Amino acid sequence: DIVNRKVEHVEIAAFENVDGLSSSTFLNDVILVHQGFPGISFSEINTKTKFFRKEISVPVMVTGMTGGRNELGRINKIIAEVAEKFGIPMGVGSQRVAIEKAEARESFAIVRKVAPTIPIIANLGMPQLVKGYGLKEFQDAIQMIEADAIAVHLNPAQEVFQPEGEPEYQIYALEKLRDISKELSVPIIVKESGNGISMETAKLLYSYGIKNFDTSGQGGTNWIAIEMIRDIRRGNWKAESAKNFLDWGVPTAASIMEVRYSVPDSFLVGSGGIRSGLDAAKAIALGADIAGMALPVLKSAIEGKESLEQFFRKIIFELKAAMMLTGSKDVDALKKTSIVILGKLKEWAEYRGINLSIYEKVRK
């Protein structure tokens, strides 16, 4: 039944109209300044970067999506085996379903069988931490895929509108997380899920020892829309209310600025509606260390292995194009390349007290 929600999520995300529905990343408000004389050759561009203790080929990761059933495991297999080939890290979806059901385990474990070298990121939800999960469940999630890190997701907006949702975000959960992190052999990443991380949330998490963030801002997969659709489907009246919240959240670009600014030493994944290598380049230039993608990887993987390989080729070419055209020889150079911030994003930053001058210093 949790396994049912799992297939339904994939089905709605993949096949319904939920990508950027009534929402925005604000990334149109970010412009990378063109350099007519780049000072480099396309072929000397170096996209390698660090991901904790490993080196990755490209400053992009696939963020967590699925698992919990055979056909979900075969999607995970395709994603893992292509991510392995391209040298890019992969998060799996929530492993709750596999803590609850032993039959669901193989759909996660397959990932490490087929991807022995890339970083693999485990996944559990924050509500489970308030509902009995602790050290041993985290260790199980980690060992199940020989994870290099664990992502703990924030999805209170999704939980609020989800028919069987669990909107339990008591502070006790952070106390528990902080304790768990003491004993864990791998780092914790705290990621949102379509609604973004603000400076108040980032500072709170940091105060409990969290140093690794994944923005997952509005403007990509709309998880309120997905649950709205699940509510429409089962005649649940929360559907009409969900519609009022479709543009709820911190836009990806605003979230990147907010996290980088409020916690300048954070290791930061910029994700939520990254759809091209240009999006990826903007997210990095703005302040992220790596760009995250989920939905377009799902849709490609469903079409097949070769389709997903072509997808990654395209993303990597686009990223390098944006590095070439900004004179950025490597990832560090891109992080400090010249940008323009305009429009609503500029107004957002101004109101939120993000001094642009100190901002520019911090992102460089």
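In case it trips you up, residue 1 is the first one in the sequence shown, and so on. Take the two forms, find the largest set of C-alpha atoms that superpose within 1.5 Å, and that set is the rigid core.
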Problem - Greatest C-alpha divergence in 8 other deposited structures of this protein once each structure is fitted on the rigid core, 228-236 or 253-261 - result: 228-236
Handout entry: Core-fitted comparison in 8 other deposited structures of this protein, 101-109 vs 83-91, farther C-alphas
Key = 101-109
Problem - Which of 31-39 and 299-307 has higher mean CA B factor, as the PDB entry lists it - result: 299-307
Problem - Stretch with the greater mean C-alpha B-factor as recorded in the entry, comparing 269-277 against 130-138 - result: 130-138
Completion exercise
Entry record, C-alpha B-factors for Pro156, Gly196, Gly220, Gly73; the maximum is at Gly73
Handout entry: Per the PDB entry, maximal CA B factor within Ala98, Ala149, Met257, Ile224
Key = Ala98
Completion exercise
Temperature factor at the Cα of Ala239, chain-ranked in thirds, falls in the highest
Handout entry: Ranked against its chain, the third holding the CA B-factor of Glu318
Key = lowest
Handout entry: Cα B factor band for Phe213 (lowest, middle or highest third within the chain)
Key = lowest
Practice task
Taking the chain's C-alpha temperature factors as the reference, tell me which third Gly327 falls into: lowest, middle or highest.
Solution key: lowest
Exercise for the section: Quick one: classify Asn17 as lowest, middle or highest third of the chain based on its Cα B-factor. Expected result: middle
